[PDB]
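In the form deposited in one PDB entry, a lone chain appears below as structure tokens.
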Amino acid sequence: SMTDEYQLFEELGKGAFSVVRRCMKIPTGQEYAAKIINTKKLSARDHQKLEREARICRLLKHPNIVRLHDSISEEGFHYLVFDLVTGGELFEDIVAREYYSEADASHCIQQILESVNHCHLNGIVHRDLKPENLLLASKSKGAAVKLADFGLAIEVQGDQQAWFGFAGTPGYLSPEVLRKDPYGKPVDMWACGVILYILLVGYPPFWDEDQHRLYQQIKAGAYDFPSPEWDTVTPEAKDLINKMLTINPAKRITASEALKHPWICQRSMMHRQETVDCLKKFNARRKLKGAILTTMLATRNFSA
């Protein structure tokens, strides 16, 4: 059973009908995060969602996706054993730093795009891309960003699209979801555009306290790059954002295409040389006369 395989330690966090505790695989000593779900509290509907989420997480193995290592069902408790991460949410790192440099933003979004591309290649649409759902694997300046919170993820068949429901996070919702149109993989690329915008300047492209107005702005694509903060941001960054925040989902950049954008992947002169025929001749006579003249001048005080 779970307690024969895993030693549980302190609580790290809480969730809906759940706690996360640090744990350790008994025979190996390797540490993880165990999400402990009290299934006596779950309706059949919610357990069905847990079933889908675990199935989807099991399928996904990638350095930029939080890995599910084990799913153990017991009486009244379900255990999901994930990677331990110590770097917190990308959201909080953005708040702490205000915003990222272009170098750091490009590097961050590159990893996010790899996570999204992997999902999409596997017939999974996450539907809830946002900095709160992206975790930093450790406290290293070089830590990997890892996609988490697959509670809204869906399984799709190729590029077939449908009305999969109104689900996601308001500021990150795509125009097609807001219009109640059929949708698919491109909703994650819209959300990516919102995150890139936030990375670069520390505030979102669409925001209003009145959610109806927020939704109107999103559907209109009513964002811009205002001065002065955007003045020093390169046009290449703004261009990639533009291609993600494209209202028509058929024209919106895909994750694979975005990974080839010059701002992401092209971040890192010869002149003729003339022949030297010889060196310049030492001028012996000028050297000697200069020295003699110097000495003549130097001897004036002794004479006068």
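Shifts are known only where both forms have a C-alpha. Each form is matched to the other, and the largest set of C-alpha atoms that superpose within 1.5 Å is called the rigid core. Start at 1 and count along the sequence shown; that's the residue number.
Unresolved deposited residues in the interval that joins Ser268 and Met269: The entry has 4 to 9 unmodelled residues between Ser268 and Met269.
Between the two ranges 96-104 and 155-163, the one averaging a larger CA B factor in the entry: Stretch with the higher mean C-alpha B-factor: 155-163.
Between the two ranges 283-291 and 9-17, the one averaging a larger CA B factor in the entry: Looking at the record's C-alpha B-factors, the answer is 9-17.
Out of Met244, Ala44, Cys278, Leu259, residue topping the C-alpha B-factor column of the entry: Comparing C-alpha B-factors across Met244, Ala44, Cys278, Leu259, the top value belongs to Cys278.
Maximum C-alpha temperature factor, selected from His78, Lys180, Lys139, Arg127: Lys180 has the highest C-alpha B-factor of those listed.
Within-chain third of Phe82 by Cα B-factor, per the entry: Lowest third - that is where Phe82 ends up once the chain's C-alpha B-factors are sorted.
Where the record places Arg67 (Cα B-factor, split into thirds across the chain): Tercile = middle for this residue's CA B-factor.
CA B-factor placement of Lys61, once the chain's modelled residues are sorted into thirds: Answer is highest: the recorded C-alpha B-factor places it there.
Relative C-alpha B-factor of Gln30, binned into the chain's lowest, middle or highest third: Tercile = middle for this residue's CA B-factor.
Cα B factor band for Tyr223 (lowest, middle or highest third within the chain): Ranked within chain, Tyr223 CA B lands in the middle tercile.
The same protein also has a form deposited in another entry, omitted here; what follows describes it.
Residue showing a 2 Å-or-more C-alpha displacement between the shown form and the other one once the rigid core is overlaid, selected from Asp231, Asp224, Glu98, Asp210: Residue with a C-alpha shift of 2 Å or more: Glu98.
Core-superposed comparison between the shown form and the other one, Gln30 Cα displacement 2 Å or beyond: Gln30: C-alpha displaced by 2 Å or more between the shown form and the other one.
After fitting the core, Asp46 CA displacement of 2 Å or more between the shown form and the other one: It does, since the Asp46 C-alpha is displaced 2 Å or more between the shown form and the other one after the core fit.
Core fit, then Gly158 C-alpha moves 2 Å or more between the shown form and the other one: Where the cores coincide, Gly158 shows only a C-alpha shift between the shown form and the other one that is less than 2 Å.
Cα-Cα shift for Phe164 and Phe17, closer or farther in the other entry, minimum 3 Å: It is closer: in the other entry, the C-alpha atoms of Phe164 and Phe17 lie at least 3 Å nearer than they do here.
Direction of C-alpha distance change in the other entry, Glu236 to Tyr99 (at least 3 Å): The answer is farther, because the C-alphas of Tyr99 and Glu236 separate from each other in the other entry by 3 Å or more.
Core-superposed comparison between the shown form and the other one, runs of at least 3 residues with CA shifts of 2 Å or more: The runs that move are 3-31, 34-50, 75-79, 91-100, 139-142, 269-288.
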